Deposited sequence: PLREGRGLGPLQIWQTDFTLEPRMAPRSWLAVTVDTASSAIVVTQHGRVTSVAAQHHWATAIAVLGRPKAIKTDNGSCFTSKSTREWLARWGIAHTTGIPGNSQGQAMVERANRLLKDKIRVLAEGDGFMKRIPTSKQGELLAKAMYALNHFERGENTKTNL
């Protein structure tokens, strides 16, 4: 039960991280209630990538009441609008307001760099090592 606790509102963004190429587009959600982050990697910034990301974020965090994004085409497309309506999730792009996800993006890229360099990867992370490294970064920031 929420009671008087924080409203179930996420912020979501994409951030480009070449250390994670070829799937260098990181989709990042921050739960504004808890500050928990979910991150997934994607080859291309698309509407369907956003939807795949949120499907995973819902599995992890539960179904939010609302999601805040910017006005990027992957978020304002008919496809994305319909996907969010299917889920019953309200969507805002703010006042024509997401400092928390901007912070998450920076903390995540910094952590990825630190972990990668720790493993001796000074440039791109080998593809076979990326999934666990990304999960380690998410763990590091959440737990």
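- Gaps between the deposited sequence and the modelled coordinates occur at 1 to 4, 101 to 104, 152 to 162, listed in sequence order.
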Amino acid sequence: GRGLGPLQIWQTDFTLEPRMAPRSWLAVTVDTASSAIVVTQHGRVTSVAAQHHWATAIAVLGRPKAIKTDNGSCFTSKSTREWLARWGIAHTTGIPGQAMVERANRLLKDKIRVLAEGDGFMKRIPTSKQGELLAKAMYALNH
From here on, numbers count along this sequence of modelled residues.
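Just so we're on the same page, rigid core means the largest C-alpha set that superposes within 1.5 Å between forms.
- Of the two segments 56 to 64 and 97 to 105, the one whose CA positions lie farther from the displayed form in 5 other deposited structures of this protein, once all are superposed on the rigid core, is 97 to 105.
- Annotation: of the segments 87 to 95 and 45 to 53, 87 to 95 departs further from this form in 5 other deposited structures of this protein (C-alpha atoms, root mean square over structures and residues, core superposition).
- Between 72 to 80 and 57 to 65, it is 72 to 80 that carries the larger average Cα temperature factor according to the deposited entry.
- Here the stretch with the larger average CA B-factor, out of 103 to 111 and 47 to 55, is 103 to 111.
- The PDB entry assigns its highest CA temperature factor, among 26, 89, 30, 95, to 95.
- Each of 122, 16, 21, 135 has a CA temperature factor in the record; the biggest one is found at 122.
- Per the PDB record, residue ranking by Cα B-factor puts residue 39 in the lowest third of the chain.
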